[PDB]
Structure formats: C-alpha cells, structure tokens
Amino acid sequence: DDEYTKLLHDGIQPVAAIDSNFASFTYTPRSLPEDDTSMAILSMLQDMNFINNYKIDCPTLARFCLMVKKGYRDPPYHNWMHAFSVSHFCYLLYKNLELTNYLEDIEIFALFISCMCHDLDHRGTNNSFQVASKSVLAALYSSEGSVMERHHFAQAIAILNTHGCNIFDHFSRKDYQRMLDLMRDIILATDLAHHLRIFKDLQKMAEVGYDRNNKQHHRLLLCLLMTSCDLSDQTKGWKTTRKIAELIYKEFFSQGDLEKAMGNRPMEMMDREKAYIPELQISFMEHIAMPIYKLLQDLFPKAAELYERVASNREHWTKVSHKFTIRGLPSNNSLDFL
C-alpha cells in the first residue's frame, strides 16, 4: 500500500505546517481534507512526544493509524472524520489545559489512542437498535450493556492483535496491561448512559476539588475528558453545529426508518415524521452538552470559552426556530406539499 509507503518514508510533517490555528480551540478539524488526516495524527502524536517517550516503532505506528482509519465505515456521522475530530480535541485539551498536572503520561496517551478507536466499525445504529434487531453484537454483549462500546473496544484490540500493528508490543507486561485497561474504561465511558450514571460523582469531584493523589479522581477525569472530546463539535461555531445536526439526524432517521420496517415505534428523535430538530437540539444542549462543559470549566478555568460557545450555539438554535415554520407560500408558490 502506497499510503503506508509515503507515511513511513516521507517523514512526519510539523503540526504548524497543517494550519497556523491547528492548536487553537477555534480550529475546526473537519476542515482538514480526509487524505491529510493520517499524517495529522502522526504529527499530533509526535508534538505530544508520545512517539519518542514510548519508543513507538514508526512502521508499526503508520500501519496502526491506517488500520484504525480503515476500521471506520461511512455512516453520515459515526465515520473516520468524527474519530479524527474527537482525537484532535484530545490534542487541543493537552495543548491548552496542561493535563500533565492532572493525569499520568500513560493516561493522556491512552485517552488519545482511545479517541482514535472509540467508534470503530460503527454501523450508524445505537445500542437500543442492536438489542431490538437481535444483532450479533447484541448476542455477544447485551447481557453486559454498552453493546456498541464493547464492540469498539474489541475492534481496537483486534487491530493491535493484527501482525505488524501492535504499537505497545515492546511495553512491559504491567504497562501493556495498564494501556488496555485504560482503553476499555475510556471507550466504555463514551456510552452517554455511563456518563449520566457517573454525573453526580463528577459534580462531587468538581465541588471538593480535583485530588491528583486520588485514583478515583483520575478515572472520573478521564471519563469527563473523553465525553468532552466526543461532543466537541458543539464547541465550534454555528456552522459546525448546524452541519453536525444534519449528519446526526440523517443517521438517526435512517435507524427510525429501519425500526418502522421492523414493526416498532421509533423514539421521537429517530422519527423523521415527528422530530422537531431545533427543540431536540436545544434539549441536547441544555441537558447533556452544557452541563459537561460547565463541569470542564469548573475543573479547568481555561476551558471557560468552550462552555460559552456551547451556550451561544444553544441560543442560535432558539434564534432560528421560527425558520422551521412555513410563512407565506413555498418557493414554487404551490400548496402541493399538503
């Protein structure tokens, strides 16, 4: 494979070469062409000193990055561009929030690798759909819960177990065991049902203050940071929020259509005939995204701008809701749509 040849023999490009604003919270990683994303991953890993610190073999790393990218399918939202944008936000947190004062180096490295792998082989359907459709994934994981997240983790392990792809094969038994355990915890933390279960523990940690000597605080912070990366499309401008809503609802309505064909009644948000996008977006902002970034701001004062962008994006949806009502006649001047 020629992509691999170039990635290995051409040299890792400097991060600043990608974009002058690459390391800023205002940068939109989705603006980077998909063909440049595997090289951007290598550049971020190098800028974070992970390649040198952990003595990662370059042929192995190049193969791993390409295998992770190939491990994503093309649904509208849960594709490689989502994994890349989530990974870029983890890199932004490292560059702007001084994570090294809070987490161990192996934990920051595990968070980044988990961001790359966290939605591997997503089929554009959620956990409830797996169970309702009696998929092979549900047969394997429904008794434990977080069906898709267990599959994402198993796919990540399967890549590491592919010959020539194990970026941690030279690690000590203890460090290897630690990496794979962190990966499990972090990928499982991407289930928003898990986030909602631990929300009160996250609030309590923010209230008492982060204790770097408390192992449970490390586990909780990793969970919060992973959720913050996964929802990071909400921290950019209105243009990103709007585009992401189109992608998410295209994916959800496709599931809703499959559910109807199965004879089931899909949830309102999955039903293209019932869903009212501005209301659904405002609800997700108020009850999920805004509390996450408010917690992040409470723990990291420098994360204030992220909460303010999510709050402003919620106000933009309220501002444009009136446009979802047809006033006067449509463009064609006919009422044929009735």
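The numbering used is simple: start at 1 and walk along the sequence shown. The term rigid core refers to the maximal set of C-alpha atoms that superpose within 1.5 Å between the two forms.
Participant: Compare 69 to 77 with 149 to 157 and report which one shows the larger root mean square C-alpha deviation from this form in 9 other deposited structures of this protein once the rigid core is superposed.
Facilitator: Comparing 69 to 77 with 149 to 157, the larger C-alpha deviation in 9 other deposited structures of this protein belongs to 149 to 157.
Participant: Rigid core fitted first, then name the stretch among 211 to 219 and 117 to 125 whose C-alphas deviate most from the displayed form in 9 other deposited structures of this protein.
Facilitator: Clearly, after the core fit, the stretch farther away in 9 other deposited structures of this protein is 117 to 125.
Participant: Out of 110 to 118 and 87 to 95, which one has CA B-factors that are higher on average in the deposited record?
Facilitator: That would be 87 to 95.
Participant: Using only the Cα atoms and their B-factors as the entry lists them, report which of 276 to 284 and 59 to 67 averages higher.
Facilitator: Comparing 276 to 284 with 59 to 67, the higher mean C-alpha B-factor belongs to 276 to 284.
Participant: Have a look at 185, 233, 268, 105 and flag the one whose Cα has the highest B-factor in the entry.
Facilitator: Answer, based on the entry's C-alpha B-factors: 268.
Participant: Considering only 152, 194, 174, 73, which residue's Cα atom bears the greatest B-factor as recorded?
Facilitator: It is 174.
Participant: State the tercile, meaning the lowest, middle or highest third, of residue 148 with respect to the CA B-factors recorded for its chain.
Facilitator: Ranked within chain, residue 148 CA B lands in the lowest tercile.
Participant: Can you tell me which third, lowest, middle or highest, the CA B-factor of residue 199 falls into for its chain?
Facilitator: Middle third of the chain for residue 199's C-alpha B-factor.
Participant: Residue 261's Cα B-factor: lowest, middle or highest third of the chain?
Facilitator: Its C-alpha B-factor belongs to the highest third of this chain's values.
Participant: What third of its chain's C-alpha B-factors does residue 251 belong to: lowest, middle or highest?
Facilitator: Bottom third by C-alpha B-factor.
Participant: Ordered by C-alpha B-factor within the chain, which third holds residue 228? Give me lowest, middle or highest, please.
Facilitator: CA B-factor rank for residue 228: lowest third.
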